file my_file-v9.txt (compact mmCIF, N, CA and C atoms)
# COMPACT_ATOMS: atom_id res chain seq x y z
N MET A 74 121.42 45.81 -7.44
CA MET A 74 121.67 44.93 -8.62
C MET A 74 122.14 43.55 -8.15
N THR A 75 121.31 42.56 -8.40
CA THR A 75 121.68 41.22 -8.08
C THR A 75 122.25 40.52 -9.31
N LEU A 76 122.99 39.45 -9.06
CA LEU A 76 123.66 38.71 -10.11
C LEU A 76 122.77 38.29 -11.28
N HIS A 77 121.67 37.58 -11.02
CA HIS A 77 120.88 37.10 -12.17
C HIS A 77 120.30 38.26 -12.99
N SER A 78 119.86 39.33 -12.31
CA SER A 78 119.47 40.58 -13.01
C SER A 78 120.62 41.16 -13.83
N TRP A 79 121.85 41.12 -13.28
CA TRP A 79 123.00 41.68 -14.02
C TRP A 79 123.34 40.82 -15.26
N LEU A 80 123.28 39.50 -15.09
CA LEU A 80 123.48 38.56 -16.23
C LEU A 80 122.49 38.85 -17.38
N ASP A 81 121.23 39.11 -17.02
CA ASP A 81 120.22 39.55 -17.99
C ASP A 81 120.73 40.74 -18.81
N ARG A 82 121.21 41.77 -18.11
CA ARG A 82 121.80 42.94 -18.75
C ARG A 82 123.10 42.65 -19.51
N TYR A 83 123.89 41.71 -18.99
CA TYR A 83 125.16 41.40 -19.62
C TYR A 83 124.93 40.67 -20.96
N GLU A 84 123.87 39.86 -21.03
CA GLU A 84 123.52 39.19 -22.31
C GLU A 84 123.27 40.21 -23.39
N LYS A 85 122.71 41.35 -23.00
CA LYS A 85 122.42 42.43 -23.98
C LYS A 85 123.64 43.19 -24.43
N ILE A 86 124.59 43.35 -23.51
CA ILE A 86 125.87 43.93 -23.83
C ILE A 86 126.58 42.98 -24.83
N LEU A 87 126.54 41.67 -24.57
CA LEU A 87 127.20 40.72 -25.46
C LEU A 87 126.57 40.76 -26.86
N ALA A 88 125.24 40.82 -26.90
CA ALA A 88 124.53 40.92 -28.20
C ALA A 88 124.96 42.12 -29.06
N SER A 89 125.30 43.24 -28.43
CA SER A 89 125.72 44.48 -29.09
C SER A 89 127.21 44.55 -29.41
N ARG A 90 128.00 43.62 -28.86
CA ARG A 90 129.43 43.59 -29.14
C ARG A 90 129.78 43.24 -30.57
N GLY A 91 128.97 42.43 -31.24
CA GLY A 91 129.28 42.03 -32.60
C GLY A 91 130.18 40.80 -32.66
N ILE A 92 129.84 39.82 -31.84
CA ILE A 92 130.60 38.57 -31.71
C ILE A 92 130.09 37.49 -32.66
N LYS A 93 131.00 36.74 -33.26
CA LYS A 93 130.67 35.62 -34.14
C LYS A 93 129.57 34.75 -33.53
N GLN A 94 128.69 34.22 -34.36
CA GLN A 94 127.57 33.43 -33.87
C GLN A 94 127.96 32.23 -32.95
N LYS A 95 128.91 31.42 -33.39
CA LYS A 95 129.37 30.27 -32.58
C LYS A 95 129.92 30.70 -31.22
N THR A 96 130.71 31.77 -31.22
CA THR A 96 131.22 32.32 -29.97
C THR A 96 130.13 32.80 -29.01
N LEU A 97 129.16 33.57 -29.52
CA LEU A 97 128.07 34.07 -28.68
C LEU A 97 127.25 32.97 -28.02
N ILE A 98 126.97 31.92 -28.78
CA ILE A 98 126.26 30.74 -28.25
C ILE A 98 127.01 30.13 -27.06
N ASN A 99 128.32 29.96 -27.23
CA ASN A 99 129.19 29.49 -26.16
C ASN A 99 129.15 30.38 -24.92
N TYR A 100 129.28 31.70 -25.14
CA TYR A 100 129.15 32.70 -24.10
C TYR A 100 127.80 32.62 -23.38
N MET A 101 126.69 32.51 -24.12
CA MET A 101 125.36 32.40 -23.49
C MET A 101 125.21 31.13 -22.63
N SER A 102 125.73 30.01 -23.12
CA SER A 102 125.74 28.74 -22.35
C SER A 102 126.50 28.84 -21.03
N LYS A 103 127.63 29.54 -21.05
CA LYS A 103 128.40 29.77 -19.83
C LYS A 103 127.72 30.76 -18.88
N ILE A 104 126.99 31.72 -19.40
CA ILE A 104 126.12 32.54 -18.52
C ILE A 104 125.05 31.67 -17.81
N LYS A 105 124.49 30.72 -18.55
CA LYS A 105 123.49 29.79 -17.99
C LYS A 105 124.13 28.96 -16.88
N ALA A 106 125.37 28.51 -17.09
CA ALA A 106 126.12 27.78 -16.08
C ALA A 106 126.30 28.64 -14.82
N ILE A 107 126.59 29.93 -15.03
CA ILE A 107 126.75 30.87 -13.88
C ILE A 107 125.42 31.01 -13.08
N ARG A 108 124.31 31.22 -13.78
CA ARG A 108 122.98 31.34 -13.15
C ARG A 108 122.63 30.13 -12.29
N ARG A 109 122.89 28.96 -12.86
CA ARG A 109 122.75 27.68 -12.19
C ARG A 109 123.71 27.51 -11.02
N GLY A 110 124.92 28.05 -11.16
CA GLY A 110 125.98 27.85 -10.19
C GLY A 110 126.01 28.80 -9.01
N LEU A 111 125.47 30.01 -9.20
CA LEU A 111 125.55 31.08 -8.17
C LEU A 111 124.17 31.67 -7.88
N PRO A 112 123.94 32.16 -6.65
CA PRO A 112 122.59 32.66 -6.26
C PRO A 112 122.24 34.02 -6.88
N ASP A 113 120.98 34.40 -6.87
CA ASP A 113 120.57 35.73 -7.37
C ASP A 113 120.79 36.78 -6.30
N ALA A 114 122.03 36.98 -5.91
CA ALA A 114 122.36 37.82 -4.77
C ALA A 114 122.99 39.14 -5.24
N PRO A 115 122.89 40.21 -4.40
CA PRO A 115 123.55 41.49 -4.67
C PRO A 115 124.96 41.22 -5.08
N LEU A 116 125.44 41.88 -6.14
CA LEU A 116 126.80 41.64 -6.63
C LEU A 116 127.88 41.57 -5.56
N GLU A 117 127.88 42.50 -4.59
CA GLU A 117 128.92 42.52 -3.54
C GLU A 117 128.85 41.33 -2.61
N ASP A 118 127.70 40.64 -2.59
CA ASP A 118 127.51 39.49 -1.68
C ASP A 118 128.03 38.15 -2.26
N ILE A 119 128.34 38.13 -3.55
CA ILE A 119 128.91 36.94 -4.19
C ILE A 119 130.33 36.77 -3.65
N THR A 120 130.61 35.63 -3.03
CA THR A 120 131.94 35.50 -2.44
C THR A 120 132.90 34.69 -3.30
N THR A 121 134.18 34.96 -3.09
CA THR A 121 135.29 34.09 -3.46
C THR A 121 134.99 32.62 -3.29
N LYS A 122 134.46 32.28 -2.12
CA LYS A 122 134.22 30.93 -1.75
C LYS A 122 133.16 30.27 -2.63
N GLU A 123 132.06 31.00 -2.87
CA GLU A 123 131.00 30.51 -3.75
C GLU A 123 131.48 30.36 -5.21
N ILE A 124 132.27 31.33 -5.68
CA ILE A 124 132.84 31.30 -7.05
C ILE A 124 133.72 30.07 -7.20
N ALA A 125 134.60 29.84 -6.22
CA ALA A 125 135.51 28.68 -6.19
C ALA A 125 134.78 27.36 -6.14
N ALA A 126 133.72 27.26 -5.33
CA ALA A 126 132.89 26.06 -5.31
C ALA A 126 132.22 25.73 -6.65
N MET A 127 131.63 26.72 -7.33
CA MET A 127 131.14 26.47 -8.69
C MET A 127 132.23 26.01 -9.67
N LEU A 128 133.33 26.74 -9.73
CA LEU A 128 134.40 26.41 -10.65
C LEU A 128 135.01 25.02 -10.37
N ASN A 129 135.27 24.73 -9.09
CA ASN A 129 135.84 23.43 -8.65
C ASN A 129 135.01 22.19 -9.02
N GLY A 130 133.69 22.30 -9.05
CA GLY A 130 132.82 21.23 -9.57
C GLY A 130 133.18 20.82 -10.99
N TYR A 131 133.53 21.80 -11.82
CA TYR A 131 133.97 21.54 -13.20
C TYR A 131 135.39 20.97 -13.19
N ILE A 132 136.31 21.65 -12.48
CA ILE A 132 137.72 21.25 -12.40
C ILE A 132 137.88 19.79 -11.93
N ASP A 133 137.10 19.41 -10.91
CA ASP A 133 137.22 18.10 -10.23
C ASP A 133 136.90 16.97 -11.20
N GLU A 134 135.99 17.27 -12.13
CA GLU A 134 135.49 16.34 -13.11
C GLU A 134 136.33 16.30 -14.37
N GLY A 135 137.31 17.18 -14.51
CA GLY A 135 138.12 17.21 -15.71
C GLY A 135 137.62 18.14 -16.77
N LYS A 136 136.65 18.98 -16.39
CA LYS A 136 136.11 19.96 -17.31
C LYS A 136 136.85 21.31 -17.36
N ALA A 137 138.06 21.24 -17.94
CA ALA A 137 139.09 22.32 -17.88
C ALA A 137 138.79 23.54 -18.72
N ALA A 138 138.50 23.33 -20.02
CA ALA A 138 137.95 24.37 -20.89
C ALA A 138 136.71 25.06 -20.30
N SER A 139 135.77 24.30 -19.72
CA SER A 139 134.57 24.92 -19.16
C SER A 139 134.90 25.81 -17.96
N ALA A 140 135.66 25.31 -17.00
CA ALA A 140 136.02 26.09 -15.81
C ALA A 140 136.74 27.39 -16.20
N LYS A 141 137.60 27.31 -17.21
CA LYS A 141 138.38 28.51 -17.68
C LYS A 141 137.46 29.60 -18.22
N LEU A 142 136.54 29.17 -19.06
CA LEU A 142 135.60 30.02 -19.77
C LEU A 142 134.52 30.55 -18.85
N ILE A 143 134.01 29.73 -17.93
CA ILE A 143 133.05 30.24 -16.93
C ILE A 143 133.64 31.36 -16.09
N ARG A 144 134.87 31.09 -15.63
CA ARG A 144 135.61 32.07 -14.86
C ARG A 144 135.81 33.38 -15.67
N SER A 145 136.23 33.24 -16.92
CA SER A 145 136.54 34.39 -17.77
C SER A 145 135.27 35.22 -18.08
N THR A 146 134.19 34.48 -18.31
CA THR A 146 132.88 35.12 -18.55
C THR A 146 132.37 35.86 -17.36
N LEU A 147 132.45 35.26 -16.18
CA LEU A 147 132.06 35.94 -14.95
C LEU A 147 132.89 37.20 -14.63
N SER A 148 134.19 37.06 -14.80
CA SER A 148 135.10 38.18 -14.69
C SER A 148 134.70 39.37 -15.58
N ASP A 149 134.54 39.09 -16.86
CA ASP A 149 134.09 40.12 -17.79
C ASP A 149 132.70 40.70 -17.40
N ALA A 150 131.72 39.88 -17.02
CA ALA A 150 130.46 40.39 -16.46
C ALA A 150 130.67 41.36 -15.29
N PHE A 151 131.51 40.97 -14.34
CA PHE A 151 131.83 41.83 -13.21
C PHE A 151 132.48 43.19 -13.68
N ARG A 152 133.39 43.13 -14.66
CA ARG A 152 134.01 44.32 -15.28
C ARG A 152 132.98 45.26 -15.92
N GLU A 153 131.98 44.70 -16.60
CA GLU A 153 130.87 45.49 -17.14
C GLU A 153 130.02 46.10 -16.05
N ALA A 154 129.77 45.36 -14.96
CA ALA A 154 129.04 45.92 -13.83
C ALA A 154 129.82 47.08 -13.18
N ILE A 155 131.14 46.97 -13.12
CA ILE A 155 131.99 48.10 -12.66
C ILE A 155 131.78 49.31 -13.54
N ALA A 156 131.88 49.12 -14.87
CA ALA A 156 131.67 50.20 -15.83
C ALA A 156 130.31 50.87 -15.68
N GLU A 157 129.29 50.09 -15.31
CA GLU A 157 127.94 50.61 -15.08
C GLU A 157 127.65 51.11 -13.66
N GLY A 158 128.65 51.02 -12.79
CA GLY A 158 128.58 51.59 -11.45
C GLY A 158 127.98 50.77 -10.33
N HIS A 159 127.85 49.46 -10.52
CA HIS A 159 127.15 48.65 -9.55
C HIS A 159 128.07 48.03 -8.51
N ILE A 160 129.36 47.95 -8.83
CA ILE A 160 130.40 47.51 -7.91
C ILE A 160 131.66 48.24 -8.28
N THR A 161 132.67 48.12 -7.44
CA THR A 161 133.85 48.98 -7.59
C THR A 161 135.09 48.15 -7.81
N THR A 162 134.98 46.84 -7.56
CA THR A 162 136.06 45.88 -7.75
C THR A 162 135.59 44.55 -8.33
N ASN A 163 136.54 43.75 -8.84
CA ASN A 163 136.23 42.46 -9.48
C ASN A 163 136.63 41.26 -8.61
N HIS A 164 135.63 40.52 -8.10
CA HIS A 164 135.95 39.43 -7.18
C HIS A 164 136.36 38.11 -7.80
N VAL A 165 136.18 37.97 -9.10
CA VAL A 165 136.66 36.78 -9.82
C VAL A 165 138.18 36.75 -9.76
N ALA A 166 138.78 37.93 -9.68
CA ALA A 166 140.12 38.10 -9.10
C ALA A 166 140.00 38.06 -7.57

call {"tool": "encode", "arguments": {"input": "my_file-v9.txt", "output": "structure tokens"}}
result
Amino acid sequence: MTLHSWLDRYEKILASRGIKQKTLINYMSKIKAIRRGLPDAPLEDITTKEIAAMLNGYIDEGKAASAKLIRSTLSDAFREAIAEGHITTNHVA
């Protein structure tokens, strides 16, 4: 299971959660930011360092709300991948 494949699956989990329309749109945009920001690599191969480099691009520019939400979205994606058995720990922590 690689990241971009997992994001595909995570979009479907989000669709079934029953989230307000405005919120879901925001969530989908931040998934797009993740796809753009990180490689289509096996979940365990995504490093701390790569996560920090994506997030820091936003932070450096003053994009504080975005960096918070990208981080939170990725974390939750990783938690869903744990629930589905593809990894055993969450690296966004």

call {"tool": "atom_distance", "arguments": {"input": "my_file-v9.txt", "atom1": "atom C of residue 143 in chain A", "atom2": "atom N of residue 159 in chain A"}}
result
19.8 Å

call {"tool": "closest_atom_pairs", "arguments": {"input": "my_file-v9.txt", "of": "range 96-166 of chain A", "to": "range 81-90 of chain A", "cutoff": "8 Å", "atoms": "all atoms listed in the file", "output": "JSON lines"}}
result
{"residue": "A:97", "atom": "CA", "partner": "A:87", "partner_atom": "C", "distance": 7.1}
{"residue": "A:100", "atom": "C", "partner": "A:84", "partner_atom": "CA", "distance": 7.9}
{"residue": "A:101", "atom": "CA", "partner": "A:84", "partner_atom": "CA", "distance": 7.1}
{"residue": "A:149", "atom": "C", "partner": "A:83", "partner_atom": "CA", "distance": 7.9}
{"residue": "A:150", "atom": "CA", "partner": "A:83", "partner_atom": "CA", "distance": 6.3}
{"residue": "A:153", "atom": "CA", "partner": "A:83", "partner_atom": "CA", "distance": 7.4}
{"residue": "A:154", "atom": "N", "partner": "A:83", "partner_atom": "CA", "distance": 7.7}

call {"tool": "select_by_dssp", "arguments": {"input": "my_file-v9.txt", "residues": "range 93-156 of chain A", "states": "alpha helix (DSSP H)", "output": "PyMOL selection string"}}
result
chain A and resi 94-110+121-133+137-156

call {"tool": "atom_distance", "arguments": {"input": "my_file-v9.txt", "atom1": "atom N of residue 130 in chain A", "atom2": "atom N of residue 113 in chain A"}}
result
17.7 Å

call {"tool": "residues_around", "arguments": {"input": "my_file-v9.txt", "residues": "residue 112 in chain A", "least_positions_apart": "6", "cutoff": "8 Å", "atoms": "only N, CA and C atoms", "output": "PDB file with N, CA and C atoms, keeping the file's coordinate frame"}}
result
ATOM      1  N   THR A  75     121.310  42.560  -8.400  1.00  0.00           N
ATOM      2  CA  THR A  75     121.680  41.220  -8.080  1.00  0.00           C
ATOM      3  C   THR A  75     122.250  40.520  -9.310  1.00  0.00           C
ATOM      4  N   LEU A  76     122.990  39.450  -9.060  1.00  0.00           N
ATOM      5  CA  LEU A  76     123.660  38.710 -10.110  1.00  0.00           C
ATOM      6  C   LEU A  76     122.770  38.290 -11.280  1.00  0.00           C
ATOM      7  N   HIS A  77     121.670  37.580 -11.020  1.00  0.00           N
ATOM      8  CA  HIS A  77     120.880  37.100 -12.170  1.00  0.00           C
ATOM      9  C   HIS A  77     120.300  38.260 -12.990  1.00  0.00           C
ATOM     10  N   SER A  78     119.860  39.330 -12.310  1.00  0.00           N
ATOM     11  CA  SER A  78     119.470  40.580 -13.010  1.00  0.00           C
ATOM     12  C   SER A  78     120.620  41.160 -13.830  1.00  0.00           C
ATOM     13  N   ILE A 119     128.340  38.130  -3.550  1.00  0.00           N
ATOM     14  CA  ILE A 119     128.910  36.940  -4.190  1.00  0.00           C
ATOM     15  C   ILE A 119     130.330  36.770  -3.650  1.00  0.00           C
ATOM     16  N   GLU A 123     132.060  31.000  -2.870  1.00  0.00           N
ATOM     17  CA  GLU A 123     131.000  30.510  -3.750  1.00  0.00           C
ATOM     18  C   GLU A 123     131.480  30.360  -5.210  1.00  0.00           C
TER      19      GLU A 123
END

call {"tool": "atom_distance", "arguments": {"input": "my_file-v9.txt", "atom1": "CA of residue 166 in chain A", "atom2": "CA of residue 144 in chain A"}}
result
9.5 Å

call {"tool": "closest_residue", "arguments": {"input": "my_file-v9.txt", "among": "A:151, A:111, A:91, A:163", "to": "residue 128 in chain A", "atoms": "only C-alpha atoms"}}
result
A:111

call {"tool": "closest_residue", "arguments": {"input": "my_file-v9.txt", "among": "A:99, A:165, A:92, A:160", "to": "residue 117 in chain A", "atoms": "only C-alpha atoms"}}
result
A:160

call {"tool": "closest_residue", "arguments": {"input": "my_file-v9.txt", "among": "A:95, A:132, A:120, A:103", "to": "residue 147 in chain A", "atoms": "only N, CA and C atoms"}}
result
A:103

call {"tool": "closest_residue", "arguments": {"input": "my_file-v9.txt", "among": "A:145, A:152, A:164, A:139", "to": "residue 106 in chain A", "atoms": "only C-alpha atoms"}}
result
A:139

call {"tool": "closest_residue", "arguments": {"input": "my_file-v9.txt", "among": "A:146, A:121, A:94, A:129", "to": "residue 108 in chain A", "atoms": "only C-alpha atoms"}}
result
A:146

call {"tool": "closest_residue", "arguments": {"input": "my_file-v9.txt", "among": "A:126, A:98, A:104, A:142", "to": "residue 79 in chain A", "atoms": "only C-alpha atoms"}}
result
A:104
